[PDB]
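Student:
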Amino acid sequence: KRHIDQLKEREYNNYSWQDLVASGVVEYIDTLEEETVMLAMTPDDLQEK
Amino acid sequence: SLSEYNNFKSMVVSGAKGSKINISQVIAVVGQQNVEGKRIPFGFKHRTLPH
Amino acid sequence: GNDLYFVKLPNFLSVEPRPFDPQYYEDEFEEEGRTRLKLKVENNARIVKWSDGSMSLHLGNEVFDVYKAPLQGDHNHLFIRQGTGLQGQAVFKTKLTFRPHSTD
Amino acid sequence: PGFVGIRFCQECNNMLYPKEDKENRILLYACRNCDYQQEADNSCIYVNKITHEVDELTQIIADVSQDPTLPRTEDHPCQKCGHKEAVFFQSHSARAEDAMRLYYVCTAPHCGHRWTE
Ligand SMILES: [Zn+2]
Ligand SMILES: [Zn+2]
């Protein structure tokens, strides 16, 4: 939620996507690297079991 | 389960447009998707999608 | 007293490691030259804390809004190692973990 | 039935070729680039499995245990070290004659046990 709150206050101050990438939250996965990632679709249903 | 007034049935039993398979896909279930007659192939390494 | 006051400024906002004194300052630097003199004139600092929680840098008439990124990848134990004792008598003030990145 | 691989000439590290000794009636190995005669100890020269049953279990590697895109079951405890967690997958080998048999690797480091049921 820290990232969501800081992102919601952007354009009041300069928090942006690049900060999300730099902080190590999102990642640029490509097709040849996508062959070894296990990928969910929604955190609300596909992380509980 | 379709009522006598169902407008899909009116257009299927008349033969004007549609088939009972279209009613099945719209209402009950779409079904198996095949490419080249087989189930979806392992496009990735031993799986169909990263998920 | 003992609170984390760590900030990581970029190259074009490098503040002096010592207080500004007339005996330690000299005139050496001059669109090309506009970004050159800004290194040793605008760069003492008062990190303002606002009500929204964010901070900003105040080194003159211009305000740079900063974010205190809590990066847990460089858990360095920042200390004031001044040479008086055996070798760099580091004083344990605060371990640097959060890096504030200022920008225009 | 065995599997006869390559053997190398000690004098020049070139491949050895078999040769019958027509005087003492024994099998020897020879090199085309060197006059190096050494005695064979197998008596078999060439083999070929036509049905070609091969143990995929051996070519399994313990490192697969850490693959994140592999299914995991504690329902099949490790036969060697008893660790519950096992990753299971099919042969993954092309030319597999006709099989869907499973192979299991233990999810415990330095156990590295690969087994089949
Ligand atoms: Zn040789
Ligand atoms: Zn084990």
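Chains as they are written, first to last, in the deposited numbering: chain B, 637 to 685; chain A, 759 to 809; chain U, 370 to 399, 406 to 418, 437 to 497; chain I, 9 to 125. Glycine included, every Cβ here is placed at the ideal spot set by N, Cα and C.
When you compare the CB of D83 (chain I) with every CB in chain B, is at least one pair closer than 9 angstroms?
Tutor: no
Student: Return the CA-CA distance between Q475 (chain U) and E395 (chain U), expressed in angstroms with no decimal places.
Tutor: 25 angstroms
Student: Taking 8 angstroms as the line, does the beta carbon of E19 (chain I) fall inside it for any heavy atom of ligand 1?
Tutor: Checking the Cβ of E19 (chain I) against ligand 1 gives yes.
Student: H100 (chain I) touches chain A at which residues, Cβ-Cβ below 8 angstroms?
Tutor: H804
Student: Thinking C-beta only, is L450 (chain U) closer than 9 angstroms to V459 (chain U)?
Tutor: yes
Student: With contact counted as at least three CB pairs below 8 angstroms, one residue from each stretch, are the stretch 797 to 809 of chain A and the stretch 660 to 675 of chain B in contact?
Tutor: yes
Student: To the nearest angstrom, how far is the alpha carbon of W443 (chain U) from that of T496 (chain U)?
Tutor: Rounded to the nearest angstrom, the gap between the Cα atoms of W443 (chain U) and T496 (chain U) is 17 angstroms.
Student: Go ahead and pull the three-state DSSP assignment for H639 (chain B).
Tutor: helix
Student: Please find out if some non-hydrogen atom of ligand 2 comes closer than 8 angstroms to the beta-carbon of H121 (chain I).
Tutor: yes
Student: Consider the C-beta atom of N22 (chain I) and the heavy atoms of ligand 1; say whether any pair is separated by less than 8 angstroms.
Tutor: yes
Student: Which residues bound the alpha helix (DSSP H) around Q67 (chain I)?
Tutor: In the DSSP assignment, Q67 (chain I) falls within the alpha helix (DSSP H) that extends over 64 to 67.
Student: Please indicate yes or no: does the CB of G90 (chain I) lie closer than 8 angstroms to some heavy atom of ligand 2?
Tutor: It does: the Cβ of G90 (chain I) is within 8 angstroms (strictly closer) of some heavy atom of ligand 2.
Student: Quick one: grab the DSSP three-state call for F800 (chain A).
Tutor: coil
Student: Would the C-beta of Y112 (chain I) count as close to ligand 1, meaning under 8 angstroms from any of its heavy atoms?
Tutor: Not so, every heavy atom of ligand 1 lies at least 8 angstroms from the Cβ.
Student: Starting from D655 (chain B), trace the alpha helix (DSSP H) in both directions and tell me its first and last residue.
Tutor: Counting along the chain, the alpha helix (DSSP H) containing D655 (chain B) begins and ends at 653 to 658.
Student: With a floor of 3 residues, list each beta strand (DSSP E) that falls wholly inside the stretch 20 to 99 of chain I, ordered by position along the chain.
Tutor: Fully enclosed beta strand (DSSP E) runs of 3 or longer: 25 to 29, 34 to 38, 94 to 98.
Student: Identify whether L382 (chain U) lies in helix, strand or coil by the three-state DSSP scheme.
Tutor: helix
Student: Flag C39 (chain I) as yes when its Cβ comes closer than 8 angstroms to any non-hydrogen atom of ligand 2, and as no otherwise.
Tutor: Answer for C39 (chain I): no, Cβ out of range of ligand 2.
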